[PDB]
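What follows is a short report on a single structure.
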Amino acid sequence: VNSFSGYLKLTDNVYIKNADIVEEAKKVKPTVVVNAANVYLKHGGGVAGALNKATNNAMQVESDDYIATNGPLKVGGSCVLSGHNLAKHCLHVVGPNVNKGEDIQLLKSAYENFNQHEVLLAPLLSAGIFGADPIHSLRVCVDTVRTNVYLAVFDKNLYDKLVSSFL
């Protein structure tokens with residue numbers, strides 16, 4: 001049993017809810033929250049900007065030190081950093097950004113990072129300002145992630161379309 005509430009069950013391991021991931025993280029304090037990161041861990045907008053704002057910029061300060069030591073992530077890659085006030089850990093995952101021309105086949109590689117964690121609160125990778133089709137992102141998630149994933153979808157209209165169209 002876990003703390004996640006109000007989710008629709010899509011599969012054995014994937015759950016979905018219309019929710020603000022920031023407000024959901026603050027309520028649950030999950031072991032892992034996933035950030036929709038870029039390779040520079042520059043948390044300007046979208047999910048990343050909202051998560052970072054909720055940490056009072058402490059996520060960005062920690063991230064800048066990580067990049068100064070390690071250099072940029074790979075598209076499809078990830079790193080584990082602090083979850084600050086939101087979670088124990090934040091898994092920063094880089095999905096391909098269609099608005100930069102990145103290979104959508106890298107979306108499966110991105111979701112494979114989730115399999116290193118037994119339970120996660122996450123957004124749909126490469127959705128929103130990363131430009132991919134969220135219906136596609138949900139299909140790749142279901143077909144790639146084997147651990148227990150609780151998906152937060154900010155937009156009510158999109159949530160209802162994801163559920164209605166789910167095979």
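Residues are named by chain letter and number: chains run A, B, ... in the order of the structure tokens, numbers start at 1 in each chain, and ligands are numbered from 1 in the order shown.
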Can you tell me which residues surround stretch 108-121 of chain A at a distance of at most 6 Å, considering only C-alpha atoms, apart from same-chain residues fewer than 3 positions away, and format the answer as a PDB file with C-alpha atoms, in the first residue's frame?
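Saved as selection.pdb:
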ATOM      1  CA  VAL A  32      11.113   9.973  -6.062  1.00  0.00           C
ATOM      2  CA  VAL A  33       9.648  12.862  -8.063  1.00  0.00           C
ATOM      3  CA  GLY A  76      17.581  10.014 -22.805  1.00  0.00           C
ATOM      4  CA  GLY A  77      19.688  10.115 -19.620  1.00  0.00           C
ATOM      5  CA  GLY A  95      13.309  13.344 -22.779  1.00  0.00           C
ATOM      6  CA  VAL A 145       8.237   1.292 -17.344  1.00  0.00           C
ATOM      7  CA  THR A 147       8.063  -0.160 -11.821  1.00  0.00           C
ATOM      8  CA  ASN A 148       5.116   1.618 -10.253  1.00  0.00           C
ATOM      9  CA  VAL A 149       4.581   5.043 -11.800  1.00  0.00           C
ATOM     10  CA  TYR A 150       2.020   7.670 -10.729  1.00  0.00           C
TER      11      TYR A 150
END
If we count only C-alpha atoms and set the cut-off at 9 Å, which residues sit around residue A:55, ignoring sequence neighbours fewer than 3 positions away in its own chain? Please answer as a PyMOL selection string. chain A and resi 50-52+58-60+83-86
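For the choices A:75, A:61, A:12, A:4, the atom-to-atom distance to residue A:24 is smallest for A:4 when using only C-alpha atoms.
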Select from chain A everything DSSP, run on the backbone, classes as strand (DSSP E or B), then give the selection as a PDB file with N, CA, C and O atoms, in the first residue's frame.
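Output below, filename selection-v5.pdb:
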ATOM      1  N   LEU A   8      -6.468   6.991 -11.409  1.00  0.00           N
ATOM      2  CA  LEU A   8      -7.095   5.962 -12.259  1.00  0.00           C
ATOM      3  C   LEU A   8      -5.988   4.957 -12.564  1.00  0.00           C
ATOM      4  O   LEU A   8      -4.841   5.352 -12.905  1.00  0.00           O
ATOM      5  N   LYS A   9      -6.292   3.664 -12.502  1.00  0.00           N
ATOM      6  CA  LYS A   9      -5.331   2.592 -12.789  1.00  0.00           C
ATOM      7  C   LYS A   9      -5.379   2.323 -14.266  1.00  0.00           C
ATOM      8  O   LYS A   9      -6.462   1.936 -14.788  1.00  0.00           O
ATOM      9  N   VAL A  14       0.919   1.254 -13.896  1.00  0.00           N
ATOM     10  CA  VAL A  14       0.836   2.669 -14.302  1.00  0.00           C
ATOM     11  C   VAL A  14      -0.514   3.227 -13.854  1.00  0.00           C
ATOM     12  O   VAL A  14      -1.583   2.639 -14.172  1.00  0.00           O
ATOM     13  N   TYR A  15      -0.454   4.368 -13.200  1.00  0.00           N
ATOM     14  CA  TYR A  15      -1.595   5.103 -12.638  1.00  0.00           C
ATOM     15  C   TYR A  15      -1.563   6.517 -13.161  1.00  0.00           C
ATOM     16  O   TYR A  15      -0.448   7.062 -13.428  1.00  0.00           O
ATOM     17  N   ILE A  16      -2.699   7.193 -13.275  1.00  0.00           N
ATOM     18  CA  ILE A  16      -2.740   8.578 -13.828  1.00  0.00           C
ATOM     19  C   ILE A  16      -3.735   9.417 -13.050  1.00  0.00           C
ATOM     20  O   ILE A  16      -4.839   8.913 -12.644  1.00  0.00           O
ATOM     21  N   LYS A  17      -3.466  10.707 -12.934  1.00  0.00           N
ATOM     22  CA  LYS A  17      -4.366  11.653 -12.230  1.00  0.00           C
ATOM     23  C   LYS A  17      -4.237  13.036 -12.856  1.00  0.00           C
ATOM     24  O   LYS A  17      -3.118  13.426 -13.306  1.00  0.00           O
ATOM     25  N   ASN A  18      -5.322  13.802 -12.925  1.00  0.00           N
ATOM     26  CA  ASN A  18      -5.273  15.250 -13.256  1.00  0.00           C
ATOM     27  C   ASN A  18      -4.818  15.976 -12.008  1.00  0.00           C
ATOM     28  O   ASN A  18      -5.560  16.073 -11.067  1.00  0.00           O
ATOM     29  N   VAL A  32      10.577   9.427  -4.794  1.00  0.00           N
ATOM     30  CA  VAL A  32      11.113   9.973  -6.062  1.00  0.00           C
ATOM     31  C   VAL A  32      10.043  10.821  -6.762  1.00  0.00           C
ATOM     32  O   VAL A  32       8.971  10.282  -7.093  1.00  0.00           O
ATOM     33  N   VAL A  33      10.396  12.068  -7.078  1.00  0.00           N
ATOM     34  CA  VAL A  33       9.648  12.862  -8.063  1.00  0.00           C
ATOM     35  C   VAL A  33      10.543  12.975  -9.298  1.00  0.00           C
ATOM     36  O   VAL A  33      11.753  13.248  -9.183  1.00  0.00           O
ATOM     37  N   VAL A  34       9.963  12.792 -10.453  1.00  0.00           N
ATOM     38  CA  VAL A  34      10.688  12.965 -11.725  1.00  0.00           C
ATOM     39  C   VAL A  34      10.524  14.400 -12.210  1.00  0.00           C
ATOM     40  O   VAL A  34       9.432  14.933 -12.253  1.00  0.00           O
ATOM     41  N   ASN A  35      11.660  14.992 -12.599  1.00  0.00           N
ATOM     42  CA  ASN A  35      11.674  16.285 -13.299  1.00  0.00           C
ATOM     43  C   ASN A  35      11.835  16.064 -14.796  1.00  0.00           C
ATOM     44  O   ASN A  35      12.625  15.217 -15.234  1.00  0.00           O
ATOM     45  N   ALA A  36      11.120  16.857 -15.558  1.00  0.00           N
ATOM     46  CA  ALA A  36      11.260  16.995 -17.019  1.00  0.00           C
ATOM     47  C   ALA A  36      12.430  17.918 -17.308  1.00  0.00           C
ATOM     48  O   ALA A  36      12.256  19.096 -17.622  1.00  0.00           O
ATOM     49  N   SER A  78      19.682  10.594 -17.270  1.00  0.00           N
ATOM     50  CA  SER A  78      19.119  11.066 -16.002  1.00  0.00           C
ATOM     51  C   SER A  78      20.211  11.237 -14.958  1.00  0.00           C
ATOM     52  O   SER A  78      21.326  10.661 -15.102  1.00  0.00           O
ATOM     53  N   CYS A  79      19.881  11.917 -13.896  1.00  0.00           N
ATOM     54  CA  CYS A  79      20.679  11.893 -12.654  1.00  0.00           C
ATOM     55  C   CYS A  79      19.753  11.991 -11.484  1.00  0.00           C
ATOM     56  O   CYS A  79      18.654  12.549 -11.607  1.00  0.00           O
ATOM     57  N   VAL A  80      20.197  11.470 -10.362  1.00  0.00           N
ATOM     58  CA  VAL A  80      19.468  11.554  -9.091  1.00  0.00           C
ATOM     59  C   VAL A  80      20.047  12.675  -8.247  1.00  0.00           C
ATOM     60  O   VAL A  80      21.273  12.668  -7.959  1.00  0.00           O
ATOM     61  N   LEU A  81      19.243  13.637  -7.868  1.00  0.00           N
ATOM     62  CA  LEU A  81      19.647  14.742  -6.962  1.00  0.00           C
ATOM     63  C   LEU A  81      18.639  14.825  -5.827  1.00  0.00           C
ATOM     64  O   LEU A  81      17.712  13.987  -5.735  1.00  0.00           O
ATOM     65  N   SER A  82      18.813  15.788  -4.965  1.00  0.00           N
ATOM     66  CA  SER A  82      17.882  15.971  -3.862  1.00  0.00           C
ATOM     67  C   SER A  82      16.476  16.279  -4.350  1.00  0.00           C
ATOM     68  O   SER A  82      16.266  16.957  -5.331  1.00  0.00           O
ATOM     69  N   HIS A  89      14.098  12.285  -3.178  1.00  0.00           N
ATOM     70  CA  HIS A  89      14.998  12.422  -4.332  1.00  0.00           C
ATOM     71  C   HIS A  89      14.223  13.027  -5.489  1.00  0.00           C
ATOM     72  O   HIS A  89      13.017  12.774  -5.659  1.00  0.00           O
ATOM     73  N   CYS A  90      14.962  13.720  -6.368  1.00  0.00           N
ATOM     74  CA  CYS A  90      14.449  14.095  -7.700  1.00  0.00           C
ATOM     75  C   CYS A  90      15.243  13.359  -8.752  1.00  0.00           C
ATOM     76  O   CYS A  90      16.503  13.489  -8.774  1.00  0.00           O
ATOM     77  N   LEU A  91      14.556  12.590  -9.577  1.00  0.00           N
ATOM     78  CA  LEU A  91      15.172  11.968 -10.759  1.00  0.00           C
ATOM     79  C   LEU A  91      14.984  12.920 -11.913  1.00  0.00           C
ATOM     80  O   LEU A  91      13.859  13.076 -12.446  1.00  0.00           O
ATOM     81  N   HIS A  92      16.060  13.587 -12.324  1.00  0.00           N
ATOM     82  CA  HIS A  92      16.031  14.517 -13.467  1.00  0.00           C
ATOM     83  C   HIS A  92      16.197  13.696 -14.730  1.00  0.00           C
ATOM     84  O   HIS A  92      17.263  13.055 -14.899  1.00  0.00           O
ATOM     85  N   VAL A  93      15.175  13.606 -15.563  1.00  0.00           N
ATOM     86  CA  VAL A  93      15.192  12.775 -16.771  1.00  0.00           C
ATOM     87  C   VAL A  93      15.062  13.678 -17.975  1.00  0.00           C
ATOM     88  O   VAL A  93      14.168  14.512 -18.022  1.00  0.00           O
ATOM     89  N   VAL A 119       9.075   3.008  -7.075  1.00  0.00           N
ATOM     90  CA  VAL A 119       7.860   3.864  -7.117  1.00  0.00           C
ATOM     91  C   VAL A 119       8.269   5.284  -7.491  1.00  0.00           C
ATOM     92  O   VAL A 119       9.206   5.821  -6.894  1.00  0.00           O
ATOM     93  N   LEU A 120       7.511   5.939  -8.352  1.00  0.00           N
ATOM     94  CA  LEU A 120       7.830   7.327  -8.787  1.00  0.00           C
ATOM     95  C   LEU A 120       6.562   8.106  -8.990  1.00  0.00           C
ATOM     96  O   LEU A 120       5.573   7.551  -9.522  1.00  0.00           O
ATOM     97  N   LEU A 121       6.614   9.389  -8.686  1.00  0.00           N
ATOM     98  CA  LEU A 121       5.651  10.413  -9.142  1.00  0.00           C
ATOM     99  C   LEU A 121       6.268  11.098 -10.343  1.00  0.00           C
ATOM    100  O   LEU A 121       7.422  11.581 -10.237  1.00  0.00           O
ATOM    101  N   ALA A 122       5.593  11.203 -11.461  1.00  0.00           N
ATOM    102  CA  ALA A 122       6.239  11.678 -12.710  1.00  0.00           C
ATOM    103  C   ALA A 122       5.266  12.425 -13.579  1.00  0.00           C
ATOM    104  O   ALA A 122       4.055  12.144 -13.574  1.00  0.00           O
ATOM    105  N   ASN A 148       6.433   0.991 -10.499  1.00  0.00           N
ATOM    106  CA  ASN A 148       5.116   1.618 -10.253  1.00  0.00           C
ATOM    107  C   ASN A 148       5.209   3.129 -10.436  1.00  0.00           C
ATOM    108  O   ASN A 148       5.892   3.829  -9.653  1.00  0.00           O
ATOM    109  N   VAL A 149       4.504   3.625 -11.400  1.00  0.00           N
ATOM    110  CA  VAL A 149       4.581   5.043 -11.800  1.00  0.00           C
ATOM    111  C   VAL A 149       3.200   5.693 -11.660  1.00  0.00           C
ATOM    112  O   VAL A 149       2.191   5.142 -12.164  1.00  0.00           O
ATOM    113  N   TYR A 150       3.200   6.821 -10.977  1.00  0.00           N
ATOM    114  CA  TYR A 150       2.020   7.670 -10.729  1.00  0.00           C
ATOM    115  C   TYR A 150       2.196   8.921 -11.556  1.00  0.00           C
ATOM    116  O   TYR A 150       3.084   9.776 -11.255  1.00  0.00           O
ATOM    117  N   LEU A 151       1.444   9.047 -12.619  1.00  0.00           N
ATOM    118  CA  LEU A 151       1.580  10.148 -13.599  1.00  0.00           C
ATOM    119  C   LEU A 151       0.649  11.265 -13.188  1.00  0.00           C
ATOM    120  O   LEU A 151      -0.603  11.063 -13.030  1.00  0.00           O
ATOM    121  N   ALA A 152       1.192  12.488 -13.135  1.00  0.00           N
ATOM    122  CA  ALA A 152       0.415  13.726 -12.881  1.00  0.00           C
ATOM    123  C   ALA A 152       0.309  14.479 -14.194  1.00  0.00           C
ATOM    124  O   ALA A 152       1.349  14.852 -14.785  1.00  0.00           O
ATOM    125  N   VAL A 153      -0.914  14.756 -14.610  1.00  0.00           N
ATOM    126  CA  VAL A 153      -1.198  15.498 -15.846  1.00  0.00           C
ATOM    127  C   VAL A 153      -1.866  16.814 -15.450  1.00  0.00           C
ATOM    128  O   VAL A 153      -2.975  16.791 -14.879  1.00  0.00           O
TER     129      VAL A 153
END
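Among the candidates A:68, A:1, A:10, A:94, the one nearest to residue A:43 when counting only C-alpha atoms is A:94.
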Nearest-residue call for residue A:164, choices A:135, A:23, A:88, A:73, using only C-alpha atoms: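 Looking at the shortest contact to residue A:164, the residue is A:135.
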Which parts of chain A does DSSP call helix (DSSP H, G or I) when run on the backbone here, written out as a ChimeraX atom specification? /A:21-28,46-54,58-70,98-100,106-116,128-130,134-144,156-164
Please report the interatomic distance between atom CA of residue A:53 and atom CA of residue A:25 in Å with one decimal. 13.2 Å
